[PDB]
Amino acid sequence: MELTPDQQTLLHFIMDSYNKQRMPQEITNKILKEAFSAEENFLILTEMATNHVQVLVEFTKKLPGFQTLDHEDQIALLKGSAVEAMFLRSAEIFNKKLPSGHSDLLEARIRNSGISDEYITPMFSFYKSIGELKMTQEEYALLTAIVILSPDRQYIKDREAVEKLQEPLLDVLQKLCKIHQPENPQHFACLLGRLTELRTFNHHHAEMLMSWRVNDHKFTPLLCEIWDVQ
């Protein structure tokens, strides 16, 4: 029922690596400070996403057993999960508690950022559904590791090796849900069910980016590699 000493060790380690990410307040302070044009917002997004990928690779190489995986499978896991982990981190930031009226302004700033109207509704639907789950930092960190270590990712040669690494993380997450939320018996299932929406964002990520209301869609060389752009 309770976490074993090894599981407690795993969770603390995962949590320390996850906290190396750009602080949510740094991101929200910039967005809330002043209104930017769609052009300026697209550059903000590419700079934020480039830093996110850099930190994500560092978090990924620290996951137990990741560095023992086949090199081609390592690349396929990073490429298959980057967009998904980016949207999950965005959802985490969006739902972070802020002073009175600040969350409404943050949502208004994202709504008028430059993203096409067609993609605002599913993005905000996902953000609000994540918010309703009232996830802890541990849950976000474990869910991110689970997303990265997905065995059924495209071009994976050895799925069993990936399965073996994902399973102890799934086990820890399930225990946390049972311990901290006995009143919500479907909490674990709902966290995993939320991953299907993340996969839909990954499926249309290129169209979402190319539909931004800007004259030129300039991407960093790192984003060109991880995303299906240019």
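The first residue of the sequence shown is number 1, and the count goes up from there. We call the rigid core whatever largest set of C-alpha positions still superposes within 1.5 Å between the two forms.
- Note on 111-119 and 130-138: with rigid core alignment, C-alpha atoms in 9 other deposited structures of this protein sit farther from this form for 111-119.
- Greater C-alpha displacement in 9 other deposited structures of this protein (rigid core superposition, RMS over structures and residues), of 185-193 versus 34-42: 34-42.
- For the pair 27-35 and 170-178, the record assigns the higher mean C-alpha temperature factor to 27-35.
- When the C-alpha B-factors of 11-19 and 213-221 are averaged, 213-221 comes out higher.
- Per the deposited coordinates, the residue with the largest Cα temperature factor out of 107, 84, 118, 139 is 118.
- When the C-alpha B-factors of 154, 74, 144, 90 are ranked from the entry, the top spot goes to 154.
- Among the modelled residues of the chain, residue 103 sits in the highest third by CA temperature factor in this PDB entry.
- For residue 61, the recorded CA B-factor ranks within the middle third of the chain. Only modelled residues enter the ranking.
- When the modelled residues of the chain are ordered by their C-alpha B factor, residue 189 lands in the lowest third.
- In the PDB entry, residue 40 places in the middle third of its chain by CA B-factor.
- The entry lists a Cα temperature factor for residue 70 that places it in the highest third of the chain's modelled residues.
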